[PDB]
Ligand SMILES: Nc1ncnc2c1ncn2[C@@H]1O[C@H](COP(=O)(O)OP(=O)(O)NP(=O)(O)O)[C@@H](O)[C@H]1O
Ligand SMILES: Nc1ncnc2c1ncn2[C@@H]1O[C@H](COP(=O)(O)OP(=O)(O)NP(=O)(O)O)[C@@H](O)[C@H]1O
């Protein structure tokens, strides 16, 4: 809806990031010297709301955690607070908080200090408007050109997803197998009835 | 020597014959977007040889000016440089395309690919290696290749790819 | 939660707490299936979810 | 006979490769105009190098040792330019063709790159670049504008310009 | 595992709760504090266990029981004092940090009550001293973790600082209380100036009466207090003036009189002068506008030149003190390392097979203290970000304050690496400490000093290779390929190390490299075939590799079948050729025959270790199937006879080359043994 | 119902795309055609600077033109049904000053619905912004905070040194 | 927009002699290198904007310009 602000601790090069003056609604441009670490900001923002980034192997996952000096952290965590004033997101608050604690063997989403099941949240964001697996509307440095030299089918899938017609498709094809199996079961039932 | 100047004809949005000016020691090719400047490099990669798939166009027939729009201009094309080296002589390489095939010229005399190639190999450029050209987005993909392709390049430059069949034939025989 | 179709919600999202006593006689299929078609402001996403729910229910009964 | 052919491939491959490795280390050290950068070009399975990977690890100018993928593009392209220049410096090559390498580099890095290009350009190789930032063709001495023309299709033409009657 | 850890710690908690005065309490505390940083669940449980076992509000009644708990904590710390304090400090970080919110503040009250009650116990002590110094040390640790807890009593701690004795534990009191003062003085709420005056006075009085380390650790506190509150730097300016003048007078007198007698009289003044100028220039930079009070004359260059002069001399201790001074000079201005003379000096002292054995230890100590101090300064300077951040540019991106620590290393590393191969042990211990402390900050490229860092695992002393191997597994777990890249050079360097020094030493690397099937086949096939068939490898090297191969634990079935298969093939061809050429026809024959026979005996000993029929082995073929030979090889107990057999055949070799007629008879017997080997089924 | 939604949404996105692309480029036109069917793909037919003779295919284009196609599509699909937030990384490398001015004007008008974060090395993109930020990287850790427009507009081009 | 302001600058620089012939060599006789290159590229973008037609015969010589359709007058 409207990303108010973000809080980061120990992710990649943000050791401890306390509160920052909130964003505006219209246009907030970030600039910075070469190598400062501004793309990693967006990597955080997408590491939370998009599942695809956190699909790499453990070696990279260990690489993901920041390791500069002193002790070595093991539990990094990123929190985001944004406002669903339009109640686009259903659970009514004025400043929604969601955090994703990351550990070598730990992966947790805390929505107002109450535990979740890692699937309800995916269905939540999908039903809200997000798309957990789509690279679209997040554009990394260098992959804009590929949207044009992509084969047509990729764009057809993209627009079809834009229409919001993926879950229906997946659930129907999944259901067909189970129903067919019930058809066989009904055949068995009739056999036993005749006996 | 060095790269004095080149010559275009009908190739990829360059109608007619015009002479690219003499090159100084270190030049640059500026111009606003969509003007069609990459295609001079395409020309350079076509005189010195590059597989057609790398020329960012299918089928090699939309090479002629105005073909991808829908209407060709002729049934020829002619791109040619003039290499100038020490000794006060001047060489004129060429390469014209007919039908599907392509014919090469040395000193305005039709030649076959192999001898032309061997002349370049004397000059010091391994066209199959592709170690000195960088297109629009490949400067990143120089680094992030899988190591095998880099080994392939290093094996290509070093004249050690010809000795392959010899090697594994000997390998199979000795293991047997 | 709350509503006369919450069972189909549960069968479409969690489905595990659904006991044989629930599935057995709580829901008369032929009415809810009719209910799905004309309800105002039904999301297509929710429609597919509810489809999965009721079909799984039918499978359990079978 | 197997020993003979293995000696052949090994001898050529190793000679060229070691020369390239030492030269890439020095070239990168020179290129960053600092003195805390490293670049190591190392083979695997050093008994039969010609059939295995040849890996590449470079250090940033001022940070820790990280895997190559993690490092940003801005350093990545400087690494690639170094590797290219090394490859050329082993066995000479009459020219380059650089096409919009300043995709992600800041102005300061391109300026340093330009200083290297200019000091190297005189007596070693001719270099032709296509770019947009004027800070890369400012060290140049002659410019080549290329312009299109509206028509049934876009027909383009070329025109030159001299730059060696000007101050600094 | 993670189960077993929880169960054993539960048992330990019940032990330490139920029947105290058991002897092994202290060690239990040591082990539990050792495991604080290992995991997450274990962390939570140890945190709550320690929160209920000691740090409980302990209401103000039955003080004797409270004192007994105090005795418990003091005993624990005083016994773990030998190894290190890192785990305890980490635990203290955890307990304090873990409650930053209000949350009734349960621990803050209890901890402050522990420190004040320890103060009170110290008060009534009045006059076992091991317990005294241990308590002061505990005070020191508790100050280091957080300083607010010991703000009120420092003025009462002052009398101990004034005067003390000439015994060790007392010296420990002096250094620790100086450390406490260093830690606490800036935060002290509005101190009294005469208190500072007498502090500085007796600090000087202590400097002029005691040993090296205490002088160091107190002038540290002097620098801190002068740089935080007072301004009377004319005092330290005059002290440095006297010492500077003194050393210049000694230098001038020595420059043309290398035979004078004043050195044998004024030795203490000279030694103390070197140590003092080092420490003084280190901790508190007096090369500025007001210290001199006029235009700078580059005193740093002066002291550098004078020490560099005094490097070439006839004693040794003088050299040690001068190099220590040079290191202290370095700790403030890193750029000084760049100078040609210091560079060439270090790279000459460390190499060229120098006589001294104290210089190398001192060099490594210099690097270690440089690394630690730079790391800590960077970290605690990160700690206070917001107050000074806003007044530095965005367009600058400084490097000379950051990159330096890498570049410096690049001048010594290789040599330091070479310094691993020294016959003494202390040099090795500190060298390994230096390199493995270095690498964990990524300063240098890992894979050029990996083989040596692996081969250093075949030393006698356990802690050495323990630290080494643990460091190596940390190097490996991130980056898959690295160790697999350099393996044969590893064992070769290991063998060179062993032949410089004089079971299953190499087993750890072998277990590590067992994950990848192709890599596993690769390194083994390369090493085994290259060494045996055509290369004149050292017989001792062959013995080393053979013993290592036999010792190797095997957890699958692919390995013995693969190795047996290839050895057989090469054995067949080579041996056949050998026997026909000897019968058709010679010390060269003796050597190569010794090689081939040892490899034969390896094959036979292996076959005895498995007791498998040659038919089953020959049935196996390379790449038959992934899953067919999946059985774990059973091992008969105590059949490790490879050492014994190799000693037997080594005696058969007898370490005798081309001397006597009798060895020729032995050579003929050896050929007969080959015929017997052929005869054997 | 799904088939009906497909039809209507294809119509809306096609029309909006024609609108945006005609607005961005000063002269030209482009459209989205369906393929043979059930459906199998969506092709795009673009033309400019001849306006009748040009009828393009994809492989022969420029960086700027391809990037314009993609950004136009993004703006269009937003103008159909807005998305939560857009963050742009190094989009501006390909285009020229004329195109960059155009895209900035479209951002300035289109701003009032959704949030925009973006990066760059060129000044023009901050022709239309409320409040900026900054990113400082010292002592091997990275920080981020707000700055003012003056130092940003100065830093972006005016200096060409090592600091 | 600095560019169209400079375009009006071009109009006023042309409106002084009226001989419809802007020479390049003269226009760059007394400038520094960077701004000269900037002005040259400005000539290029002007040719893009169809408001001007330019002519050059030899490889290295001045360019001769004349106003075209969209001069905006
Ligand atoms: N986990 C990490 N710990 C420390 N440094 C890191 C980490 N991840 C990345 N970096 C460094 O952070 C720097 C900034 O990375 P990145 O954010 O990708 O830069 P960028 O903004 O994309 N560069 P550019 O596109 O040229 O503007 C790089 O030099 C990385 O090596
Ligand atoms: N044979 C041809 N005849 C005419 N036009 C062509 C031909 N081939 C391609 N074109 C078009 O002419 C332009 C040339 O494209 P291209 O050479 O890639 O330009 P570019 O140099 O990359 N442009 P830019 O980087 O923005 O300055 C494109 O619009 C092509 O679609």
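We're sticking with Swiss-Prot numbering for chain B, so the shown stretch reads 2-177, in order.
We read in the header that electron microscopy, 5.3 Å was used to get this structure.
Note: Cβ is positioned from N, Cα and C throughout, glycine not excepted.
Here Swiss-Prot gives coiled coil for one range in the set B:83-103, B:104-124: that range is B:104-124. Only B:34, B:35, B:38 of the binding-site residues listed as B:33, B:34, B:35, B:38 bring a Cβ under 6 Å of any atom of ligand 2; the order follows the sequence. When other Cβ atoms within 10 Å of the Cβ of residue B:34 (ATP binding site) are tallied across all protein chains shown, the result is 22. Within 10 Å of the C-beta atom of residue B:38 (ATP binding site) sit 24 other C-beta atoms, taking all shown protein chains into account. For residue B:32 (ATP binding site), the count of additional Cβ atoms within 10 Å of its Cβ stands at 23 [all protein chains shown]. Taking the Cβ of residue B:37 (ATP binding site) as centre and 10 Å as the limit, one finds 19 other Cβ atoms among all the protein chains shown. Contact annotation for chain F: of the listed binding-site residues (B:33, B:35, B:38), B:33, B:35 place their CB atoms under 8 A from a CB atom of that chain. Residues from the set of binding-site residues B:32, B:33, B:35, B:39 situated with their C-beta under 8 Å of a chain G C-beta: B:32, B:33. On its own chain, residue B:39 (ATP binding site) has B:136, B:137 as residues at least 6 apart in sequence with a Cβ closer than 8 Å to its own Cβ.
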